[PDB]
Structures are given as structure tokens and as C-alpha cells.
């Protein structure tokens, strides 16, 4: 590792506490998330050594540094293999890259304390008390940039129908990730039963379960048939506190019946949480049907794949606005690192335009793919059986989204096509560059998912044609 070094916060924190070997480590910015990992390790082994070490910048007249130059280090044995929850707990609550680099530059000015009696974890920073050589370029915890973010989110979720109260800046809550935003709303509901309705983003179910819903009613497909089961349960006296769903599903691009969901919610009295990360608030008007909207700002809201953020919009038109907002406000601590909010506030200024552009290309590419003899069918909201459902929420003059998936005729052909496709490959979506993934890596199972970026239709048409050619004998 030749200098300069990127990353290294975990290795440097391990060295500070004399544990550079024999333990696994995770770094969160909240003591609560650290505890949720400690509890999961302790449930698998009640005798496991798990320490929680708080790092913090001890003496400074600058509240910016003192508020953000802090992190929590969690040590636990390597014998513990990480399951789905600890993956999504770290995904949603792990320190951001920029926040980690900010702390590592200031680590010499920070001290470490632990509640347990381990003297190796009680360390004084070599430069604690001294003034850092550099002040960050952002100011006031990035509150200026956070308000830009909240303002754009509030404007873009405005309903095209003028009978509803508009979402305001302060009805939007910003968190570190979209996963964290989902967790925060899950605990807020926990203070009856929770329903998961056709939401295959693999991290929702673990967090809802961890938030105190031991076993939520899971409706995997999101169909009308499953809504019949839910209504049959509710009509028979069953109770429900909250329903979680996402508008425009992954990877089949299905649209749930939000109108019927909202009608059942008004009749039987549960809260509706809708994730519009894939569907987008630019393309869809879902405010009439959702009490809380969640969004992963890391995705197309940012586009540049270089910042994390999550948002929580409380609908002022909701019957539970008062209760929900008060809980979130009364339990709100700012965990969106300012440097991340600076990039998000800059990149979201053209978030409507980029959604419009990607959606135009994705609609064209999907219809191009559908016409190819090797393709069985393409999952895109203009082709799927919920085609009529999507049109109930689509805004006039807006398109059909940036995500699609390809179901090929032959699984052999699917793999040869993916390997020949000269575009970015990985699990993220909503990027400025096009990106593909098979079902394999997403933990029919030969389906290939495509998130269309800002490249021209000719460019993407060409990359796909060449890949299609090489996949045929």
C-alpha cells in the first residue's frame, strides 16, 4: 500500500486499540446501530467477546468537527459469519466513504473510550486538543445543502392534483442511506402487525424484522390475489399497523395497486409506506396513496455513484401525519455526513431531467430488446401485465422509468449475452452509466437486469447489438 492511502479508517482504528489481528470490525456513526450488531452476534453465541469503542474528537471550539469527527468501532470474533441482517445493517448504517475519510484525517485528534473495562480501548489521541491543519470546505453541518435536497424532494413529490396539501421542506427527513430511512420508519410504526407487499429489495425484510416485527405477513408477488387474502384477513377482524411496498418493483417492474391499498388502509386503519426509488417521483404521482414515501438518494436522485443518502417524506395529507412526524422529529439525529449532502445537493438539481432522459432511452431499448428473436419477453412498465396500473400514477408528459429486465429464451444465451455486454456490471441502479446484472448475483433465474443511464440510444443499441451477435453461434 503506497502512499497516499484511501480507506484505512478500520485498519487505523484497529491499531489504536491494539487489535490489528483476531477480530472483525465494523464502523457505524450511531451507538444504536452498533448495538444491533452486538445483539445479533450475541444471539448466535452468548459468550462472544463483542466490544463497542466510541471514537470522538474531545476538545474543540468548532462544533462542526466535534459533531462529525465521531464514529463507533465494533469488535467481534471472526468466528461470526455475517448473515443477511448484519449485511443490510452495515449497508444502511455503515459510515459513508467520505465520512470515513474525514475521520481518518482527524483520527490523531480523537480519543477512544469503552464502557467495558478494557484498558486497551481507552486511548488518547497523539494530537488531541491541538488544532487540525485543515477545516472542511462545507459549513454548518451542510445544512444549506440539506435544505436544497429537502426542497427538491418536496417539489418533485408534489401531486399533479391540487386538492392535497403540498409536501414541505420540513416534512422531508434525511438519513445516511435509503436503508436507514426504511429502518427509521419501521421503528416509528412499532411504537399490531406489518405487511410486506411485493418488495424484493433484499434489505427491507431483515430491517423490518429487526425493528420488532418478528414475523411480518409477506405477500411476495404483490398481486391482486394477495390483496384479496389481506382484505379477507382484515374483514375477519385481523389488524395491521403498516404495509410496506415499493412502486415499480425490482426486477420485474411490477406496479402495485396503490389505489386499492390506500382504500384498504382508510377502511382498516394501517399506514402505507411506499418506496419510489425505482419508480421515481419525477415519473409517478403516488402522494395520494402513501402516508410515508421513502427514497434511496444514492440511486438516480444522485446518478453519479459517489454519495449516499436516504429520504423520508411524511405526507401532510395523511391521517397519521401528526403522530408520524412527531416521532421522527422527536427521535431525529442528523447522520447524513455533510460532504455527502454537498454532492447530493449538486447532483439533484437536474434529477428530473436525468430521469426523463434515462426513461426515454430505457423505453426505446426495451422495445428494441422485445423485438429480438432471442428474447422471450422484457420486463418494463410499458410491456408488463401491470401496464394499465402504471398509467394510473404516471404524470402527464413523463415516461416509464430507467429500470428493465430481460428474460431470454435460453439460459445459455443469457450468460453469453451478459459476458459479451461491454457496459458496467454491478448491483447498483440509477446511475449515469448503464449497468447490468444477472439474477445469480442478486442472491426465471437467468434473468438479466439493466439500469439505463444517460448514454445515447445509438450507443446503448450498439453495445447490446454487439453483445447479442457474440452470444449467437
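Positions refer to the first chain, counted from 1.
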Of the deposited residues between residue 191 and residue 192, the number without coordinates is 4 to 9
As the entry stands, the deposited residues without coordinates between residue 443 and residue 444 add up to 10 or more
Of 425 to 433 vs 41 to 49, the stretch with the larger average CA B-factor in the entry is 41 to 49
When mean C-alpha B-factors in the record are compared for 109 to 117 and 248 to 256, the larger belongs to 109 to 117
Per the deposited B-factor column, the C-alpha that peaks among 338, 381, 212, 309 belongs to 212
Of the residues 99, 356, 127, 367, the one whose Cα carries the largest B-factor in the deposited record is 127
Assert third(CA B-factor, residue 261) within chain per record equals middle
Quick tally, chain-level thirds of C-alpha B-factors: residue 448 sits in the lowest
Residue 134: CA temperature factor from the record, placed by chain third, in the highest
In terms of its chain's C-alpha B-factors, the third that includes residue 334 is the highest
Residue 408: CA temperature factor from the record, placed by chain third, in the lowest
